[PDB]
């Protein structure tokens, strides 16, 4: 037909380019990647069941480069335009996170691909928050932020041209995709020179460090990039030795044979300097960049997430409120005890409808595909070894803040306001998981001549 490259391939290239840029800016991220690779190879060598699970789902091939990014934007126009940028790469808005509950003036979505085959080529996802200036009570500070954000243009003209070209023509060829990746990178690069005066930065920062992070810079720099490890417990044991001691509180469920959602922790990655126009030849302020690591397990159904939320809430009530480093050991013990009630058996997770799964025809099943008298049900085919299943991996967010901006774990006027700013409706991640499960069953039925 045409010579356009796949949006999935652009996404993979963009993720790799973002990772190279971030590693140049934050060398301890490179240190983390080396540790992740070694941990992951150890798991696959020592745990054949994990290696086989990743083979069945195709995740073995996506794992090494799998990342998420997090960014914050300041205006509705920025959010709507960034949705168009991400669409070039097959990254659509999935989910709505209203973080005003946890005491942060933002609401968010995650831009990512949605179909198992797309995700196999690249599962790159960018959690994108929009600052809500109307939640800044001090009028003078809100007016300052609005004035500063209105002046900035976070996209290069060439990036905007290529986005419009992609929309009008239906894609980009390889050369234009390469140009697009490099132009898009400018939006996310770190810029030391703040766009405000030293005093303006001071006012923005004391209200909330997140407000200065958004308002005082040229654009939405990478807040962090997070690689995927197969064993967060193991990586935590290796991190202090590399100068990235992480938080003892691990967000998410406790250690499980069959992980659910994701587990996360964070560390201090770099102390950065911020420079101002009015105070040159003088010491500029400093700001910390935080890193993160995650392990991704099974996507949960509504019923599964209700159980997860219940047991996590019970853990927090038993602790007395806020999990902190000072009570980390007690919290982790309470977490393990309360989550004993969440089945840690794939067969029960499936039969009780707690997680999503993908199903696959086995070699034994394929060899029998012309036999009569085979089992008449899905369970019978599983029991006879004709169908194999594995959990469908979670692609979304608890969410958690590496920089400690909000309390962890979350998910109509606010949603309507978000979607009006975004320019479209967010997709339902749970519906998308159900569709992936259903597609696997249909492919299995065809492969087995059922």
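Numbering follows the first chain given and starts at 1.
What is the count, as a class, of unmodelled deposited residues between residue 411 and residue 412: none, 1 to 3, 4 to 9, or 10 or more?
Unmodelled stretch: 4 to 9 residues.
Quick check: 129 to 137 versus 74 to 82, which has the larger average CA B-factor in the record?
On average, C-alpha B-factors are higher across 129 to 137.
Taking the recorded C-alpha temperature factors, which stretch has the higher mean, 199 to 207 or 118 to 126?
Between 118 to 126 and 199 to 207, it is 199 to 207 that shows the higher mean C-alpha B-factor.
Pick out which of 380, 105, 170, 245 has the highest C-alpha B-factor in the PDB entry.
Result of the comparison over 380, 105, 170, 245: 105.
Choose from 291, 240, 284, 93 the residue with the greatest Cα B-factor as stated in the PDB record.
Answer, based on the entry's C-alpha B-factors: 284.
State the tercile, meaning the lowest, middle or highest third, of residue 416 with respect to the CA B-factors recorded for its chain.
Answer is highest: the recorded C-alpha B-factor places it there.
In terms of the chain's CA B-factor thirds, is residue 396 lowest, middle or highest?
Answer is lowest: the recorded C-alpha B-factor places it there.
Should residue 406 be placed in the lowest, middle or highest third of its chain by the C-alpha B factor in the entry?
Highest third, going by the recorded CA B-factors of the chain.
Test of reading the entry: by CA B factor among the chain's modelled residues, which third contains residue 161?
According to the entry, residue 161 has a C-alpha B-factor in the chain's lowest third.
Could you place residue 308 in the lowest, middle or highest third of its chain by Cα temperature factor, using the values in the record?
For residue 308, whose C-alpha B-factor we compare with every modelled residue in the chain, the answer is the middle third.
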